[PDB]
Amino acid sequence: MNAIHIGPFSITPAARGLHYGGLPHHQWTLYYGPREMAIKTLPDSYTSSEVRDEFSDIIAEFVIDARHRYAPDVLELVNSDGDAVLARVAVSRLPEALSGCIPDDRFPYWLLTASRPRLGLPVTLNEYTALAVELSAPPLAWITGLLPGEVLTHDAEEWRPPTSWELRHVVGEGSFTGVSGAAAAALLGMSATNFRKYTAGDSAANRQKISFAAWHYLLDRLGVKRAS
Amino acid sequence: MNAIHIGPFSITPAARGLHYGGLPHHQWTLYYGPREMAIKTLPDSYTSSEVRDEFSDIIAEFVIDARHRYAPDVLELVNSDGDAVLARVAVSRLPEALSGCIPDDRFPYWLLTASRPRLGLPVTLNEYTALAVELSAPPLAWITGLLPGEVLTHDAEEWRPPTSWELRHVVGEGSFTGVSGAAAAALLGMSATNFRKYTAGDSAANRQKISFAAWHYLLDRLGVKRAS
Amino acid sequence: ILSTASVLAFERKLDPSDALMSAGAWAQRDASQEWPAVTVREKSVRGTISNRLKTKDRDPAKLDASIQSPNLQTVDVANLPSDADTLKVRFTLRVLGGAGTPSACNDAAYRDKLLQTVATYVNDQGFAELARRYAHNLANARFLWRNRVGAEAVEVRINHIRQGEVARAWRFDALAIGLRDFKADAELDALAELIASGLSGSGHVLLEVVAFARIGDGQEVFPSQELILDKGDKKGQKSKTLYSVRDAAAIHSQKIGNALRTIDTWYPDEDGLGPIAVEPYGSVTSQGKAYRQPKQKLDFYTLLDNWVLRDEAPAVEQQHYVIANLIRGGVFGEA
Amino acid sequence: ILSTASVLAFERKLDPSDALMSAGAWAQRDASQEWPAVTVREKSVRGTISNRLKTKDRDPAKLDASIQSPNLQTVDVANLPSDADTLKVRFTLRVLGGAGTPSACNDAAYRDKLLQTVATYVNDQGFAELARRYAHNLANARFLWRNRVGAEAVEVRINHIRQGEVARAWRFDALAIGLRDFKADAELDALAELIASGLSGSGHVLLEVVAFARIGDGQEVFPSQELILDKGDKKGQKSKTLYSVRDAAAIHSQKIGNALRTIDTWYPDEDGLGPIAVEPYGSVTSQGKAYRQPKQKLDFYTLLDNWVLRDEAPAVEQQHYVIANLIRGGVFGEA
Amino acid sequence: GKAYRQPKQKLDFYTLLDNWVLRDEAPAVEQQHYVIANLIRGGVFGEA
């Protein structure tokens, strides 16, 4: 019938309509960006919502795949022996001072990495709080795996504005963050129509690009990047 | 001569000149906005650096009083004894689960306020890590005590854009953040002239109001508010 | 060309004294010369936070922490004794002439033109409306600022002191004479003529003005409030100190002069709000706005420049406002 | 857009005088005009360790060493004489009116809108529920804070002092009219209409309130407690200082005003405690917590901003709370 | 000059009150008599 825009996904049917059995049928394809996820055939008598919960299992499988693949690293605060884990923190970025080490009895608390090559640092509790404050991962940080490095840099010269697809990951509809367009407009402090010029693409009319500060504050409010 | 602008401070002379001693003199006035703090008689042979250094002691005293007047509250993580302060974290706001608390041996770690009727909760190291990630104050948080509440609020309808005075608190010259206009324009991703339009007031021509997301991301980047 | 003079300092006319307060009883106001004075005592206040929060302190635990550590202050308080219901407020007023003559000037041409302008003002309409309004503000106890908002009955006695003895005594019911309307009365007209003769330079006018207010038995009376240095701890902060001279609570003389100057009813805004103080750019600091804005052509300086430099004489009410600014004094002139 | 005024200071209505404490006997309260005042005397106290030890003073030797050095203090104490069991407390309350009008308001249009909001309140329901609850707090001796928790019988006499004389007398029982229930009574209703006429602006209301408490012969009466500068030696430490005005123990005026203010029952928490004082963010010092949090959207500022700016009028109980805060007064608005 | 009911022996007022209220460890009947008698005598119990 026409493509259904759910999240960054587009359910695009084929223009040609075949007749499987005694009913008209169409090739509906799920696109994540430019890549096809699934190919299957659905009747034209089916509603668009029926196509939606037909593709919902593959959509949720890709959601769990993107959650697990870009899951943030976890540092463990352990005791002098190192076997018992007192605390676990989901980090955003690994530090630049930790190295390969074995916990000793000279320091009571040690920070280590979740992986088998345990690289870490012996820190006290206040330094542990300082590190957890400056390097915590926001709850929806895995979407930063799906976004390129140019749209996530804090330097404006290396910063590239997001496209319609990259913005359309996390603004409205069944997004990965789950928020709506009006909610994302109210987070940025402006009305719904001015954000609707940001969301809608196609021609250059009503295609103002979001600024660097507004994009990073929106990422802060959605808990995707910089939200410690 | 002319006024000396040190952040929100304005050193403006009286237009009348006196002749204290034999040498000519001028009565120089130091304002923090509408409030004057020091009126001092200084020679006309003084350079701008000497006029700045005459009021620098009162400027530093007011800065120290503002740091000690709008300092964020401190949460202390203590053991079961409740005396040895294991950790200290400066928080922008306290947890809502805080009530009047004395530590016991029922829980190994406790969180308390630094106030004399201490408010706290029995916490674990993961929950204390989560609370410290959520609620920690940025380092230059005391400047939020020198800003009005309507420029720090997160709702769109109850927010007024800051003036040139409240912008000059944090952005340029002798601002309390210590950054210049070029650095604060680099943090916001805008041009030097575009941000100089924001900083300079006077007439409405070549003077625009900063947006919600840009002002909030600037306060996030400068370490003044919403920077865990 | 008659350029504007640089310094235009004017001496204040209608000089008041520091209005001392004492305590006593109604119907003993005749023998009120031996009344004991109101003393400024100190008392302790403990309070919770009641002002608006900055939205950082809208955290419930911040509010409970503020309650659990409430603010402690010491306040200077002025109260009547429990056997005294009447507050007696006494001052003296010196009405002086030579209102148009500046104390300092930088141009003989400007001084001559200003003296000529005030002279033709007095010849066409002297200090009659201004002294009527000043006699009104003496009649109602507007110098009892918060000592009249709850007062049951206020009486004002004004004695004309000539050679150390009384020449004429005026007794006024200060509640019947309102703070809004400038009506006419025979005693008010006699006091207006006396203040007119004082302002014209045709005589010496010294008045003893005594106000008796029924604040109530043991009630809080309100003197003028002083500077707060804040050089101690936050517990013994001494958040409020009141004005006293020698163990006797008193009101500042500039407050009495401000109350006497509240005659301006000709600002460009609506005059149904009430009279305000004659002062340049017509300000009241409680309402925070300035009536007679400089952009409008009705503030004191633009009206003075039109009246003197280019001889555009304003309306008679606005010229009364200009002459009342000249009477009240001030450091006029640019810099 | 009709924003809130930055300066919204309000004067307090229902101004209480300082509550003088005297000493006397029961059934002589009809002639208690000569009773000797309660004098703040001094007594010495020796104390051992009775506070929680911070795990380092809990050693037997350190604790016994702390016992062998007792903390000697001198405390200001207020006791009745051994032939006196009744404590008399006398204060005057002045009801002003004009609670809608702020003392200071930056925004005219906001002042007009707030005046129209208070006017539409009074046109809907006048100062009748608030005056009834304030009259209930007059009738019970809630101003006798700790001189009622163990009192056998408390009696309150309220006189309407119009022209320095009793215009109307009321006698009550402060124990029958509890601190929990706002019931209805004919004399309580008459006092409610008197406070209503005071608060609306119909007339001037001054009330002389006398309280008698059956504490006990020679028992300790509890005045308001002052603030200690803590400068002297640790032997004569002066840990506690009571409030006196002229060699005569007394309660602070704002304590009496807070106890009369204790009418707020419409806070979102349960009625297990009872009425609290009408504060912004409903603060209670003894409980250490704030009823009417800003998070639960029932504080004074959110209710007033909904009522005035965007015409979202709350329930009549919250309207009573808002008007009771306006009667209470404060420095509202952004500093 | 000697303290019976030392906090080492856990027979003081504060340990017994905390065990009674928080952990619901009701002490011996004479000891809860002592605890309620301490509440009768009053105090500035809590953090000091």
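Which condition number does D:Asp311 fail, the rest of (1) within 13 Å of another protein chain (Cβ to nearest Cβ); (2) closer than 28 Å to D:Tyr110 by Cβ; (3) in a loop (DSSP other than H, G, I, E, B); (4) not basic (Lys, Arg) being met?
It is condition (1) that D:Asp311 fails.
Scan region D:198-224 for residues that are touching a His at 6+ places or on another chain (Cβ under 9 Å) and either among the polar types (S, T, N, Q) or away from chain C (no Cβ under 14 Å) (or both) and report the count.
1
All but one of (1) surrounded by fewer than 20 Cβ atoms within 10 Å (Cβ to Cβ); (2) in contact (Cβ under 8 Å) with a residue 60 or more places away in the chain; (3) more than 15 Å from the chain's Cα centre (by Cα) hold for B:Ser136, so report the exception by its number.
(1)
Results for (1) outside any strand (DSSP E or B); (2) closer than 23 Å to A:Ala84 by Cα; (3) within 14 Å of chain C (Cβ to nearest Cβ); (4) in contact with a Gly (Cβ under 7 Å, 6 or more places away or on another chain), shown as yes or no for each residue.
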position	(1), (2), (3), (4)
B:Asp81	yes, yes, no, no
B:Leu86	no, yes, no, no
B:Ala90	no, no, yes, no
B:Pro95	yes, no, yes, no
B:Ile102	yes, no, yes, yes
B:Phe107	yes, yes, no, no
B:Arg116	yes, no, yes, no
B:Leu121	no, no, yes, no
B:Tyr128	yes, yes, no, no
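Could you check, for region B:153-161, whether at least one of its residues is touching a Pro at 6+ places or on another chain (Cβ under 9 Å) and either more than 29 Å from A:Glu158 (Cα to Cα) or within 11 Å of another protein chain (Cβ to nearest Cβ) (or both)?
Yes: one or more hits.
Tell me, please, whether a residue that is touching a residue at least 12 places away in the same chain (Cβ under 8 Å), of a type outside the set (A, V, I, L, M, F, W, C), in the same structural domain as C:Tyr134 (by CATH) and part of a strand (DSSP E or B) can be found in region C:242-255.
Yes: region C:242-255 contains one or more residues that are touching a residue at least 12 places away in the same chain (Cβ under 8 Å), of a type outside the set (A, V, I, L, M, F, W, C), in the same structural domain as C:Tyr134 (by CATH) and part of a strand (DSSP E or B).
Checking A:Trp159 against (1) of a type outside the set (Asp, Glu); (2) part of a loop (DSSP other than H, G, I, E, B); (3) without any contact (Cβ under 8 Å) to a residue 12 or more places away in the chain; (4) touching a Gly at 6+ places or on another chain (Cβ under 7 Å), only one condition comes out false. Which one?
With respect to (1) of a type outside the set (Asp, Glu); (2) part of a loop (DSSP other than H, G, I, E, B); (3) without any contact (Cβ under 8 Å) to a residue 12 or more places away in the chain; (4) touching a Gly at 6+ places or on another chain (Cβ under 7 Å), A:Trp159 is out only on (3).
For the structure I just gave you, tell me whether B:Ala182 is surrounded by fewer than 21 Cβ atoms within 10 Å (Cβ to Cβ), part of a helix (DSSP H, G or I), in contact with a helix residue (DSSP H, G or I) (Cβ under 9 Å, 6 or more places away or on another chain) and of a type in the set (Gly, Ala, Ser).
Considered against the rule, which asks whether it is surrounded by fewer than 21 Cβ atoms within 10 Å (Cβ to Cβ), part of a helix (DSSP H, G or I), in contact with a helix residue (DSSP H, G or I) (Cβ under 9 Å, 6 or more places away or on another chain) and of a type in the set (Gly, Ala, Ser), B:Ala182 comes out as yes.
Scanning region B:185-204 for residues that are assigned to a loop (DSSP other than H, G, I, E, B) and in contact (Cβ under 8 Å) with a residue 12 or more places away in the chain, which turns out nearest to B:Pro139 (Cα to Cα)?
B:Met190
Pairs please, first residue from region D:48-61 and at the interface with another protein chain (Cβ under 7 Å from one of its Cβ atoms) and within 21 Å of B:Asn79 (Cβ to Cβ), second anywhere and among the aromatic types (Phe, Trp, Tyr) and surrounded by 14 or more Cβ atoms within 10 Å (Cβ to Cβ), Cβ atoms under 6 Å, 6+ apart in sequence or on different chains.
D:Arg52/E:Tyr14
If a residue must be of a type in the set (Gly, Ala, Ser) and either buried (at least 16 other Cβ atoms within 10 Å of the Cβ) or in contact with a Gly (Cβ under 7 Å, 6 or more places away or on another chain) (or both), how many such residues does region D:197-236 contain?
Residues meeting the conditions: 8.
Out of (1) away from chain B (no Cβ under 14 Å); (2) outside any loop (DSSP other than H, G, I, E, B); (3) not hydroxyl-bearing (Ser, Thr, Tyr), what's the single condition that is false for A:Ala214?
That leaves (1) as the condition not met.
Would you check if D:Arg142 is surrounded by 17 or more Cβ atoms within 10 Å (Cβ to Cβ) and not assigned by CATH to the domain that holds D:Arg214? If you could, list the steps in order and put the result at the bottom.
Values: surrounded by 17 or more Cβ atoms within 10 Å (Cβ to Cβ): yes; not assigned by CATH to the domain that holds D:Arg214: no.
Answer is no for this residue.
Among the residues of region C:12-54, write down those that are closer than 17 Å to D:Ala290 by Cα and surrounded by fewer than 18 Cβ atoms within 10 Å (Cβ to Cβ).
C:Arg46, C:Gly47, C:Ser50, C:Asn51
Is there any pair linking a residue in region A:1-17 that is over 27 Å from A:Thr177 (Cβ atoms) to one that is of a type in the set (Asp, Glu), with Cβ under 8 Å and at least six apart or on different chains, and which?
Final answer for the pair search is A:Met1/A:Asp44; A:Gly17/A:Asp44.
Picking from D:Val331, D:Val322, which residue would you name as being among the β-branched types (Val, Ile, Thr), within 11 Å of chain C (Cβ to nearest Cβ) and out of contact with any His (no Cβ under 8 Å at 6 or more places or on another chain)?
Values: D:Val322 fails: within 11 Å of chain C (Cβ to nearest Cβ).
Step by step, each of D:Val331, D:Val322 is checked, and only D:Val331 is among the β-branched types (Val, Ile, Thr), within 11 Å of chain C (Cβ to nearest Cβ) and out of contact with any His (no Cβ under 8 Å at 6 or more places or on another chain).
Are any of the residues in region D:257-271 crowded, with 16+ Cβ neighbours inside 10 Å, outside any helix (DSSP H, G or I), of a type in the set (A, V, I, L, M) and within 13 Å of chain C (Cβ to nearest Cβ)?
no
Is it true that A:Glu173 is part of a loop (DSSP other than H, G, I, E, B), touching a strand residue (DSSP E or B) at 6+ places or on another chain (Cβ under 7 Å) and either more than 11 Å from chain B (Cβ to nearest Cβ) or surrounded by fewer than 17 Cβ atoms within 10 Å (Cβ to Cβ) (or both)?
Against the criterion (part of a loop (DSSP other than H, G, I, E, B), touching a strand residue (DSSP E or B) at 6+ places or on another chain (Cβ under 7 Å) and either more than 11 Å from chain B (Cβ to nearest Cβ) or surrounded by fewer than 17 Cβ atoms within 10 Å (Cβ to Cβ) (or both)), A:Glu173 qualifies.
Do we find that C:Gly126 is more than 10 Å from every other protein chain (Cβ to nearest Cβ), in contact (Cβ under 8 Å) with a residue 60 or more places away in the chain, surrounded by fewer than 17 Cβ atoms within 10 Å (Cβ to Cβ) and at positive phi in this structure? First the steps, then the outcome.
Working: more than 10 Å from every other protein chain (Cβ to nearest Cβ): yes; in contact (Cβ under 8 Å) with a residue 60 or more places away in the chain: yes; surrounded by fewer than 17 Cβ atoms within 10 Å (Cβ to Cβ): yes; at positive phi: no.
In short, no.
Of all residues being more than 9 Å from chain C (Cβ to nearest Cβ) and not polar (S, T, N, Q) in region D:238-247, which is surrounded by the most Cβ atoms within 10 Å (Cβ to Cβ)? Just the residue, please.
D:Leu242
Looking at region B:10-35, which of its residues are in a strand (DSSP E or B), under 20 Å from the mean Cα position of the chain (by Cα) and within 14 Å of chain C (Cβ to nearest Cβ)?
B:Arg35
If you scan region D:1-53, which residues turn out to be of a type in the set (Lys, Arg) and over 29 Å from D:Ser253 (Cα atoms)?
Kept after step one, since they are of a type in the set (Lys, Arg), are these residues of region D:1-53: D:12-13, D:29, D:41, D:43, D:46, D:52.
Result: D:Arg46, D:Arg52.
Among the listed residues C:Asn159, C:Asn147, identify the single one that is in the same structural domain as C:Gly47 (by CATH) and in a strand (DSSP E or B).
C:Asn159
The values are calculated or read from the model by the stated rules, or taken from the named source; these are not laboratory values. Positions of Cβ are generated from backbone atoms using ideal geometry, with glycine treated the same way; all protein chains shown enter the neighbour counts.
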